[PDB]
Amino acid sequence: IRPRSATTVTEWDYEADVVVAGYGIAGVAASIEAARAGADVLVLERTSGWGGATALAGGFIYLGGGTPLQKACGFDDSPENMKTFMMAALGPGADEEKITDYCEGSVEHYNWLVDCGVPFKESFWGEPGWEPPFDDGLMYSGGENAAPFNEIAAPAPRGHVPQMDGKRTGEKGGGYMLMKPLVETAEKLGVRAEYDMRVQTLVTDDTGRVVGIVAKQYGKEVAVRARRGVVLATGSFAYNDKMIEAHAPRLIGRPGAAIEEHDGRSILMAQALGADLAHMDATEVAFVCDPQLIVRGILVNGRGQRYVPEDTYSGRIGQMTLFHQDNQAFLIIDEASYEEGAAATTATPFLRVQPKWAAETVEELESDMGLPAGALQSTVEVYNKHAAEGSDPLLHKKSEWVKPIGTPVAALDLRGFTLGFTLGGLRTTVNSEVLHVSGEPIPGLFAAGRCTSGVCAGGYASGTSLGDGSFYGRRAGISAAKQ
């Protein structure tokens, strides 16, 4: 992992101006910009083909500030409103400079993606869910339309989703129709790609400039020269158990990144040169229960207490459950509401969890679940008293979802229903330069995507990973192509 001195490289197996490690969203975006700038670009991919986790993703891309898609669907937004939301939802300690930059450039970035051939349907999906069941292009994806954020920033949906039939998240998701037009663009520009390239070490000259990389390809060591810059774009550290334990131990035993190649190597390679890190504890957290069920009940913790409005983003429900309720949750839902939720339109019918307990009364359900007498009954009594008036003054679930819980009543056992991926990584500038602990860029070294600390510092919104990876991937390619 220690850097290799360039003087010890006897021959270069490959050479380019800009060498991009990783052919996912950040890597392809960097390749396009670098090639447009006139650089000779070579992408190094560890597997046998392009796409990475991006091709398996739902395809949300977190964009706003008044995109053509938001306008076509009748939703106002601005860069200031988007920034207000993201600072509140994606912290604490969110990078104000980076978020401001991302928001100010968002509409241009949407148009840039469309120019590369990424298609979006001018239609909005408005029901709770993890993704649009159909090929709709816009959806709420960060809890913008739920408490507390709906009182902090004006709600606007920012989940932009490429148009695709037969989306299968985890196999070939909406994220595939982000990657494919970008790959076609890169290929037409003359971007080169080498496969089975497992990048291992950075090569530096006696000034400390990064001037190439060492990799294993087809079983043997190879050295790749980078005349202008190396862009690290190899993904997260979710599958590196030692790093999870040391940095993000809330994910011990509940890994949820899309691919195994997310082993943190590029973070380590850069740390070896003195690169700085940020938010290494930050984690996306999914909650594997269908949102159409969740929104029609109340979530309670292991003490029978409500703790999150049930109409926020499911990922935020995941974080609140794992982080603050010791990963213990139950959905309390009356039989009629469960039936309505189970019949509702969803992209994830496989997440329709069946109730574990069912009873004629809340008092019986409470004793069935092993809760102390009154713990659940009181929660339901107080909820119902205010719900009869359409009001949730405790957690501010929107009134359209608020009504008394009736009988018979059921409980879904949602203990240990979370998993996630890492959000921390290398510290980078808005130009995607990797920062040394001195606060200065490391010459020749750029990075984007989930090997970096991006727009999310703590909280997460769906789309921010493909959003920041593509946005800052572009910046890394622009910067790396400079002479």
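Sequential numbering from 1, following the sequence displayed.
Remark: stretch with higher mean C-alpha B factor among 310-318 and 91-99 is 91-99. Remark: stretch with higher mean C-alpha B factor among 365-373 and 276-284 is 365-373. Across the residues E108, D290, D77, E360, the deposited record lists the maximum Cα B factor for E360.
Highest C-alpha temperature factor among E381, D413, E339, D392, as the PDB entry reports it: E339. In this PDB entry, the Cα temperature factor of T234 sits in the middle third of its chain's modelled residues. In the deposited entry, the Cα temperature factor of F350 sits in the top third of values across the chain's modelled residues. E440 sits in the highest third of its chain by CA B factor, as recorded in the PDB entry. In this PDB entry, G64 carries a Cα temperature factor that places it within the lowest third of its chain's modelled residues. For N431, the recorded CA temperature factor ranks within the middle third of the chain's modelled residues.
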